[PDB]
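Below is one structure; the comments refer to it alone.
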Amino acid sequence: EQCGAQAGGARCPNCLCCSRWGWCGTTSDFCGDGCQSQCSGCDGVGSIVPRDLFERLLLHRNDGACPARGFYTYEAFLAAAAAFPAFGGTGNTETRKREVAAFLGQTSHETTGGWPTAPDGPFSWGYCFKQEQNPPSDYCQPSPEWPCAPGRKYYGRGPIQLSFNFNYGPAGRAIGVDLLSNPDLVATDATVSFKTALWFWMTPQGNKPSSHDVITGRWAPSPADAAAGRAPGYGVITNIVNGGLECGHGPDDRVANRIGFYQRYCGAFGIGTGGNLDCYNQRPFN
């Protein structure tokens, strides 16, 4: 609907802002700078990963047999990403798509329900789970910095399978949610769930860079990294996530599963994966 200074001063119906160029709408484009009328009353990662793509990549997550069925929505992914605008918004477009592919690859592995003969292949069964299956512990390691909340448990939750009081604490503080007190939010609120995974993705810890910096080419190895065989690529991201267990001892099915997801996703995004895909020959960071 047209409006304003070519529409006889017409205001927009439903209290819609009249844009500077004379059109009706609710975005900043209509209501901000230049807005002709009803301005106060009467382009992020979504451009790189559209709903259709997200849904096709995460093809079987809403299977009846997936305990997280229905939980991980596109709306929650976008809302979470809005809090981490550098995610999928750093570097050129190819790099942005690759960040999202890599993030989705790693988190799909953490939450996979796949099996070798699964419909549409094992790499379409990411995001099947939202909490650790049969956890062996509540993962409380008390500290003055992050005391364990009584009655609460810190088993894996969400797309990065966030675990331990000493990770829920920092994650919650960064995102403005008290996850030490209410760790179950990571499994009951999908926006919080995605936010903890993005927090992990975006945050350097100890001798590890952020996954974000690695995938966007902002990380260069240290001497110690170089002697350890740690060169930029998806492999070092696997190392960051779980290198203590999976890295430095040759071909490993967990690492390969992470790769297969990443390859399928890069495929769908029309980009290459880049090199150094594995951590078969890398010293674990830890």
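By convention here, the chains of the structure tokens are called A, B, ... in the order presented, each chain's residues are numbered starting at 1, and ligands are numbered starting at 1 in the order presented.
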Original post:
Excluding same-chain residues fewer than 2 positions from segment 73-83 of chain A, what lies within 8 Å of it counting only C-alpha atoms, as a ChimeraX atom specification?
Top reply: /A:44-46,51,54-55,70-71,85,87,190-192,194-195,198
Sorted by chain and rising residue number, list the residues of segment 34-114 of chain A at most 8 Å from segment 206-218 of chain A (counting only C-alpha atoms), each with its closest atom pair and distance in Å to one decimal, as JSON lines.
```
{"residue": "A:87", "atom": "CA", "partner": "A:212", "partner_atom": "CA", "distance": 7.2}
{"residue": "A:90", "atom": "CA", "partner": "A:216", "partner_atom": "CA", "distance": 6.8}
{"residue": "A:91", "atom": "CA", "partner": "A:216", "partner_atom": "CA", "distance": 6.4}
{"residue": "A:95", "atom": "CA", "partner": "A:216", "partner_atom": "CA", "distance": 6.0}
{"residue": "A:96", "atom": "CA", "partner": "A:216", "partner_atom": "CA", "distance": 7.7}
{"residue": "A:98", "atom": "CA", "partner": "A:215", "partner_atom": "CA", "distance": 7.3}
{"residue": "A:99", "atom": "CA", "partner": "A:215", "partner_atom": "CA", "distance": 5.8}
{"residue": "A:102", "atom": "CA", "partner": "A:215", "partner_atom": "CA", "distance": 7.5}
```
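In this structure, atom CA of residue 114 of chain A sits 9.6 Å away from atom CA of residue 257 of chain A.
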Subject >> strand (DSSP E or B) call set, DSSP backbone run, segment 17-237 of chain A, as a ChimeraX atom specification >> reply: /A:17-18,23-25,37,131,157,162,205,208
Atoms to include: N, CA, C and O atoms. Write the selected residues as a short mmCIF file (atom, residue, chain, number, x, y, z; two decimals), in the first residue's frame.
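The result, stored in result20.cif:
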```
data_model
loop_
_atom_site.label_atom_id
_atom_site.label_comp_id
_atom_site.auth_asym_id
_atom_site.auth_seq_id
_atom_site.Cartn_x
_atom_site.Cartn_y
_atom_site.Cartn_z
N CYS A 17 3.81 2.29 9.22
CA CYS A 17 4.69 3.40 8.86
C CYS A 17 4.69 3.66 7.35
O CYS A 17 4.77 2.72 6.57
N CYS A 18 4.61 4.92 6.96
CA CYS A 18 4.75 5.32 5.56
C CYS A 18 6.22 5.62 5.26
O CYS A 18 6.81 6.53 5.86
N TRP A 23 5.65 4.10 0.83
CA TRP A 23 5.06 2.75 0.93
C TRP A 23 4.90 2.29 2.35
O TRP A 23 5.61 2.76 3.26
N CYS A 24 3.93 1.37 2.55
CA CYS A 24 3.49 0.95 3.89
C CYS A 24 4.18 -0.32 4.43
O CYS A 24 4.34 -1.30 3.71
N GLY A 25 4.59 -0.30 5.69
CA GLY A 25 5.31 -1.46 6.26
C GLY A 25 5.72 -1.20 7.69
O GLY A 25 5.46 -0.11 8.22
N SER A 37 5.06 8.94 8.11
CA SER A 37 3.82 8.86 8.88
C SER A 37 3.69 7.60 9.73
O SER A 37 4.25 6.57 9.39
N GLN A 131 19.06 -33.49 25.01
CA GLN A 131 19.80 -33.77 26.23
C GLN A 131 20.56 -35.08 26.13
O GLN A 131 20.17 -36.02 25.45
N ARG A 157 23.21 -30.71 27.28
CA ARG A 157 21.95 -30.22 26.76
C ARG A 157 22.19 -29.34 25.51
O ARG A 157 23.22 -28.66 25.38
N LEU A 162 26.12 -28.92 25.96
CA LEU A 162 26.74 -28.12 27.03
C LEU A 162 26.65 -28.93 28.31
O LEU A 162 25.60 -29.41 28.64
N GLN A 205 38.60 -20.35 24.73
CA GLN A 205 38.83 -20.86 26.08
C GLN A 205 40.20 -21.42 26.20
O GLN A 205 40.62 -22.19 25.36
N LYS A 208 42.58 -22.78 23.46
CA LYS A 208 41.77 -22.87 22.24
C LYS A 208 41.27 -21.53 21.73
O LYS A 208 40.66 -20.78 22.50
#
```
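Considering the residues A:22, A:172, A:119, A:29 and counting only C-alpha atoms, residue 10 of chain A has its shortest atom-to-atom contact with A:22.
Counting from atom CA of residue 252 of chain A, the distance to atom CA of residue 154 of chain A is 26.9 Å.
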**OP:** Within 8 Å of residue 106 of chain A, counting only C-alpha atoms, which residues show up once you throw out same-chain ones fewer than 5 positions away? Write them as a ChimeraX atom specification, please.
**Re:** /A:160,238,258,261-262
I need the chosen residues saved as a compact mmCIF listing (two decimals), in the first residue's frame, with N, CA and C atoms.
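Saved the output as out-v4.txt:
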```txt
# COMPACT_ATOMS: atom_id res chain seq x y z
N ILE A 160 25.30 -28.08 21.33
CA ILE A 160 26.68 -28.40 21.64
C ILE A 160 26.83 -29.35 22.83
N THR A 238 36.91 -29.61 15.37
CA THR A 238 36.65 -30.89 16.08
C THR A 238 37.51 -31.04 17.34
N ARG A 258 31.37 -36.13 12.08
CA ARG A 258 31.37 -34.68 12.06
C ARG A 258 31.68 -34.17 10.67
N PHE A 261 28.61 -34.71 8.07
CA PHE A 261 27.64 -33.66 8.22
C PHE A 261 28.16 -32.40 7.52
N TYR A 262 29.35 -31.98 7.89
CA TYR A 262 29.94 -30.78 7.29
C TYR A 262 29.98 -30.84 5.74
```
